[PDB]
Structures are given as structure tokens and as C-alpha cells.
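Q: One structure coming up, written as C-alpha cells, with questions to follow.
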Amino acid sequence: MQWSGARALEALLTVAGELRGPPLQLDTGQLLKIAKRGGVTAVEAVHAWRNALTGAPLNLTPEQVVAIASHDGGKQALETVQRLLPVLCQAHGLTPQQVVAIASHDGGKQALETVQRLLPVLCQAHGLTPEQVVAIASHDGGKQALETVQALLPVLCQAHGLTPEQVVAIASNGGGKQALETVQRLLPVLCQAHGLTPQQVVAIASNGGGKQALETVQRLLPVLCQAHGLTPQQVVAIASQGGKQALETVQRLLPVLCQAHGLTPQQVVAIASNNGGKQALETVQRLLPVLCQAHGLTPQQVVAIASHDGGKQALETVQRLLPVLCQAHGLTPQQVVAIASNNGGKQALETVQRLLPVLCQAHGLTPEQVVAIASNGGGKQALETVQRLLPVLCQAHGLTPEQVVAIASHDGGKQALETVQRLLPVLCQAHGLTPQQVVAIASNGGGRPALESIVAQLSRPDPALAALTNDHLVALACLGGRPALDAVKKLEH
DNA sequence: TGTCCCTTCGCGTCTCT
DNA sequence: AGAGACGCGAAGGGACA
């Protein structure tokens with residue numbers, strides 16, 4: 001290794017191989033993952049006390065152990081969990097999944113210890129739910145957020161008039177301490193002076209690097225409205241999704257993108273108001289010329305692609321794969337744009353490229369279909385899940401390709417497909433639903449929760465005793481999945 | 001090298017009308 | 001049926017021992 005011993009590497013690969021062995025079954029991918037973000041101590045620690053974690057009172061799974069370990073100060077968090085998980089679950093009624101969630105971050109030790117020490121006073125004397133306290137603690141520097149939340153919550157509600165929900169929202173991100181403090185300082189300023197609603201101020205603070213966004217907004221808000229004729233509501237749009245980098249990068253690249261490349265400021269806002277807005281803007285500054293050419297999109301389409309989380313990646317991947325896709329697999333740019341105009345555009349294109357042949361030949365789909373699957377957020381996930389589950393759904397469960405495509409052709413296709421697999425039997429035989437019904441419920445966004453909800457309402461006939469018959473529940477569930485079904489229970493208090 | 005904290009970016013799912 | 005809200009997590013940097 002890039003050693004801090006002499007000859008110990010020897011004693012430290014004995015260990016590496018044993019973790020592939022009987023308690024944990026670790027492939028390289030994981031050992032890598034641990035080493036990379038955990039360190040050698042992390043890897044040593046896992047071996048050191050692997051048996052203590054898998055049985056005994058903790059009964060963690062390998063995948064959980066990996067999750068806790070693969071972080072800066074993994075060793076500490078592994079050692080801490082051993083001590084505190086039993087007490088946190090018994091003395092404060094948290095589930096293990098919850099303790100593991102807190103542990104699986106940088107400085108987990110500090111979060112776990114701070115949760116034990118402060119969970120009561122937050123729940124008791126500030127009327128917080130433990131769910132909320134876990135939310136605050138489940139990030140980097142939870143200790144800090146927790147502590148800050150204790151100190152400032154009374155102030156922010158009494159003085160600055162905020163709900164506790166709002167304060168939790170702010171604290172429940174990385175660097176929450178900073179955001180909280182920063183809001184305290186700037187809330188009066190930003191509201192009275194710069195004319196913002198406190199709701200907008202929370203929006204801004206309620207992301208990562210919220211401190212940075214707030215500060216930057218106070219600084220740049222007048223400039224952007226005066227010198228670049230933007231509305232405050234647009235400046236907040238940017239500050240809320242893009243943060244400091246985006247605001248700064250907008251000021252900088254707005255004149256350039258409207259003189260030279262000729263975009264409407266309305267569109268520049270659209271591009272910047274996302275994660276890595278900076279990256280998108282800089283990428284569309286370049287690459288816009290060369291996009292539009294050699295397989296040549298209109299500016300509207302470039303904007304469309306860029307106006308999403310990871311726009312840079314989409315744009316770079318489009319420019320790279322647009323030819324091979326259009327020519328070697330015969331797709332109109334119209335369709336490639338569709339695929340790339342969602343979160344994970346890069347992932348979708350790449351997955352399509354590699355899976356198009358497979359799906360069309362081995363499973364007998366038209367391209368029109370494959371593109372419909374890929375033209376949603378999480379395309380890569382749906383495509384890959386179609387591949388796995390198409391055979392077994394058609395045979396074991398007796399469905400048809402067009403139907404499987406219909407389920408998959410929505411946001412969260414993967415989930416719908418998998419959930420159908422789980423529930424199609426129990427629903428059909430045990431509750432007398434027709435497969436056509438089950439597919440109709442699932443052929444929508446939120447298809448999984450729809451299905452899960454509908455089961456729970458029949459299996460253990462929840463509050464509305466018999467009110468509606470099953471064909472209605474299905475109708476409702478297709479009409480607006482879990483929301484509509486939940487909105488019916490909540491009509492008998 | 002390790003531990004802790006903060007910021008930025010990217011991918012995926014559900015809801016709200 | 002498109003936008004916005006929400007959740008999750010990798011990556012990268014700074015401060016300190």
C-alpha cells in the first residue's frame with residue numbers, strides 16, 4: 001500500500017481475504033467501498049469485530065455494516081453502534097434502521113452520542129417527534145444540528161415567527177447548524193429590507209449550503225433585479241435549487257448567454273434553477289454552438305436538456321452519443337432529446353445505447369417502446385428492470401409485453417414492476433382482482449404506493465369499514481393512487 | 001492518516017393540481 | 001403529463017490532531 005507501517009500490509013491482507021469469508025460475504029466492490037471512504041482502520045475494524053455485529057443483540061446485515069463503515073470515522077461509528085444501538089432502541093423506542101441511518105454518515109459517533117444525550121429534551125421540552133430528531137441527526141454534523149436546534153428553536157419561533165416544522169426543515173440537511181444560524185441573522189434583513197416572505201427564506205435555507213445561498217442572495221438580490229431585470233421570485237427560484245454557485249454564475253454568464261448565444265432570461269433561470277446550475281450554465285455556454293450542428297438541435301431543445309439536475313452530464317452525453325444512437329440504432333433527435341430531458345439523462349442514454357439491441361432482439365420490443373420507457377426519470381432503472389422482470393412477469397404471472405411496457409413507462413417504473421411481481425398473486429387469488437385491474441393501478445406515477453395501499457386496505461380492512469366495494473377502490477387507486485386512497489380513510493374522524 | 005464538519009453535484013421517486 | 005417537492009448519496013474541500 002501507500003504504507004504507514006513496514007511489513008504490516010501482510011497482516012492487513014490476511015484480514016481483507018477473511019471478510020470475503022463466512023460472517024459477511026463481501027465482494028471486492030464493497031471492500032473497495034469501505035477502504036475508499038472508510039480507511040484501513042475502518043476495514044480493520046470490520047474484521048476486528050464482525051461477529052459482534054452479525055449476531056448477538058445487534059443482528060446487523062452485511063450491507064448495513066458496509067453502510068456504517070464506508071465513511072470518515074467509520075471505525076468510531078462501528079464501535080459506537082455496538083454500545084448504543086441496544087439502549088437507543090429500548091430506552092427511546094427507535095428502530096435499528098433508524099439507528100443505522102444516523103450512523104451511516106461522517107461523524108456518526110457524534111450524532112449517535114448526541115441523539116442519546118438530547119433526544120428526550122428535544123421531544124419532551126420542545127414537542128418534537130423522534131422521527132424529526134432522527135431526520136436532523138441523519139446527516140453530516142448531526143451533533144451540530146441537534147445542538148443548534150436545541151439552542152435556537154425557541155428564538156426562531158417566538159422572535160422570528162417560524163413553525164417548528166420549518167425549523168426542522170432547515171436543520172435536516174448537511175451543515176444545518178450554519179443554515180439555522182444564518183437564518184436567524186438574516187431573516188429580518190431579508191424580509192423587511194429586501195422584501196421577501198419568510199416562507200421564501202426558509203425555502204432557500206432548506207437545502208445543503210443554505211448558509212451560502214442566503215448570504216449570496218442578500219448580496220446579489222438587488223443587482224439581479226436592477227441590472228438584469230429579474231423578478232425576486234426568479235432570484236429565489238435560483239437560490240433555492242442552484243444556491244450560491246448558480247446565483248454567482250448567473251450574474252456572470254447572463255449577459256453572455258443572451259447577447260452571444262441569444263437565450264431569453266426566462267430560459268437562463270430555467271437552466272440555473274437546479275442542482276449544479278453552475279455546471280449546466282457553463283456547459284450550455286460551450287457546447288450550445290456544437291449542439292445544433294452534426295445532428296443539430298434547436299436552442300429550445302438544448303435548454304430542455306439542461307433544465308434538470310445533472311444537466312451538464314446530459315449535455316455532454318448527448319453530444320457524445322447523439323450520432324451513434326441516431327445512426328447505428330436509428331433514432332430521431334426528437335427521441336434522444338426526450339430521453340435526455342429528465343433527471344439521469346446521461347444514465348438513460350448510456351443504458352439505452354447498450355440495452356436497445358438486447359431488448360429489441362431477445363425480448364421482441366419495438367424501439368418506440370424502449371424510448372417510452374427511457375423517456376422518464378429513472379429510465380436506466382426501468383430499462384434494467386424490464387430486462388430482468390419481463391420474462392418472469394409474462395410467464396410465472398401471466399402478463400403480456402405491452403402491459404409490462406405500460407407499467408414501466410412511468411416515473412418509478414422499476415418500483416411498479418417489482419411491486420406487481422410481489423403483489424399480483426395475493427391481489428388476484430386472495431382478493432379477487434383481475435390482472436387488467438392490477439396493471440391499470442400500476443400504470444401511473446406512484447404505482448407502487450398505489451398497489452401497496454390497496455393491499456393494506458383489503459388485507460386488514462383499515463378504518464373505512466366496507467364503505468366502498470373493491471371495484472371502486474381500484475377506480476380510485478387508478479385515479480390517484482395512494483393520495484386518493486388516503487384521502488378516503490381520512491373521511492371518518 | 002483519521003475524524004469531523006460543510007458545500008456542491010447528480011440520480012431517482014412520488015405528488016399535486 | 002410536467003413541475004415541484006422530497007429523499008439519498010458520492011464527491012470534494014477545509015480545519016485540526
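The way I read the labels, and the way they are meant: chains A, B, ... in the order of the C-alpha cells, residue 1 as the first residue of every chain, and ligand 1 as the first ligand shown, with later ones counted on from there.
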What are the DSSP alpha helix (DSSP H) residues of segment 142-387 of chain A, as a PyMOL selection string?
A: chain A and resi 142-158+164-171+176-188+198-205+210-226+232-241+243-259+265-272+277-285+299-306+311-328+333-340+345-362+367-374+379-387
Q: May I have a table of the residues of chain B lying at most 10 Å from segment 126-148 of chain A, giving each one's closest pair of atoms and their distance in Å to one decimal, counting only C-alpha atoms (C1' of nucleotides), ordered by chain and ascending residue number, as a tab-separated table?
A:
```
residue	atom	partner	partner_atom	distance
B:4	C1'	A:141	CA	7.4
B:5	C1'	A:141	CA	5.5
B:6	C1'	A:140	CA	8.2
```
Q: How would the residues just picked look written out with N, CA, C and O atoms (P, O5', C5', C4', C3', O3' and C1' of nucleotides) as a tab-separated table (two decimals), in the first residue's frame?
A:
```
chain	number	residue	atom	x	y	z
B	4	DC	P	-15.47	11.08	14.69
B	4	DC	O5'	-15.90	12.52	14.15
B	4	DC	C5'	-15.45	13.67	14.85
B	4	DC	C4'	-15.60	14.89	13.98
B	4	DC	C3'	-17.01	15.16	13.47
B	4	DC	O3'	-17.65	16.06	14.37
B	4	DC	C1'	-15.28	15.75	11.92
B	5	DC	P	-19.10	16.56	14.08
B	5	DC	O5'	-18.91	17.57	12.87
B	5	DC	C5'	-18.54	18.93	13.11
B	5	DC	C4'	-18.36	19.64	11.80
B	5	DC	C3'	-19.65	19.99	11.06
B	5	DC	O3'	-19.85	21.39	11.13
B	5	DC	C1'	-17.92	19.28	9.58
B	6	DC	P	-21.17	22.03	10.54
B	6	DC	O5'	-20.79	22.29	9.03
B	6	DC	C5'	-20.04	23.44	8.64
B	6	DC	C4'	-19.80	23.39	7.15
B	6	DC	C3'	-21.01	23.64	6.26
B	6	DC	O3'	-20.78	24.89	5.59
B	6	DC	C1'	-19.61	21.90	5.44
```
Q: Distance limit 12 Å, atoms considered: only C-alpha atoms (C1' of nucleotides). Which chain C residues sit that close to chain A? Return them as an MDAnalysis selection string.
A: chainID C and resid 1:11
Q: Restricting it to C-alpha atoms (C1' of nucleotides), dump the selection as a CSV table (one decimal), in the first residue's frame.
A:
```
chain,number,residue,atom,x,y,z
C,1,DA,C1',-48.3,14.8,-18.0
C,2,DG,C1',-44.9,18.4,-16.3
C,3,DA,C1',-43.1,20.9,-12.5
C,4,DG,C1',-42.0,20.9,-7.9
C,5,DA,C1',-41.1,18.5,-3.5
C,6,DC,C1',-38.6,15.1,-1.3
C,7,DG,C1',-35.0,11.6,-0.3
C,8,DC,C1',-30.4,9.6,-0.9
C,9,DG,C1',-25.8,9.6,-1.5
C,10,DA,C1',-20.9,10.4,-3.9
C,11,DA,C1',-17.6,13.6,-4.2
```
Q: Please build the interface table for chain B against chain A with a cut-off of 6 Å, listing for each qualifying residue the nearest atom pair and the distance in Å to one decimal; count only C-alpha atoms (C1' of nucleotides), order rows by chain and increasing number, and write it as JSON lines.
A:
```
{"residue": "B:3", "atom": "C1'", "partner": "A:73", "partner_atom": "CA", "distance": 5.2}
{"residue": "B:4", "atom": "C1'", "partner": "A:107", "partner_atom": "CA", "distance": 5.5}
{"residue": "B:5", "atom": "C1'", "partner": "A:141", "partner_atom": "CA", "distance": 5.5}
{"residue": "B:6", "atom": "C1'", "partner": "A:175", "partner_atom": "CA", "distance": 5.2}
{"residue": "B:7", "atom": "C1'", "partner": "A:209", "partner_atom": "CA", "distance": 5.1}
{"residue": "B:9", "atom": "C1'", "partner": "A:276", "partner_atom": "CA", "distance": 5.3}
{"residue": "B:10", "atom": "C1'", "partner": "A:310", "partner_atom": "CA", "distance": 5.2}
{"residue": "B:11", "atom": "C1'", "partner": "A:344", "partner_atom": "CA", "distance": 5.4}
{"residue": "B:12", "atom": "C1'", "partner": "A:378", "partner_atom": "CA", "distance": 5.5}
{"residue": "B:13", "atom": "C1'", "partner": "A:412", "partner_atom": "CA", "distance": 5.5}
{"residue": "B:14", "atom": "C1'", "partner": "A:446", "partner_atom": "CA", "distance": 5.4}
```
Q: Tell me, as a list in words, which residues lie within 10 Å of segment 235-237 of chain A, counting only C-alpha atoms (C1' of nucleotides); anything in the same chain fewer than 5 positions away does not count.
A: residues 196, 200, 201, 203, 204, 213, 214, 217, 220, 221, 222, 224, 225, 230, 242, 243, 247, 250, 269, 270, 272, 273 and 274 of chain A
Q: Go through A:246, A:260, A:458, A:227 and flag the residue nearest residue 8 of chain B, using only C-alpha atoms (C1' of nucleotides) for the distances.
A: A:246
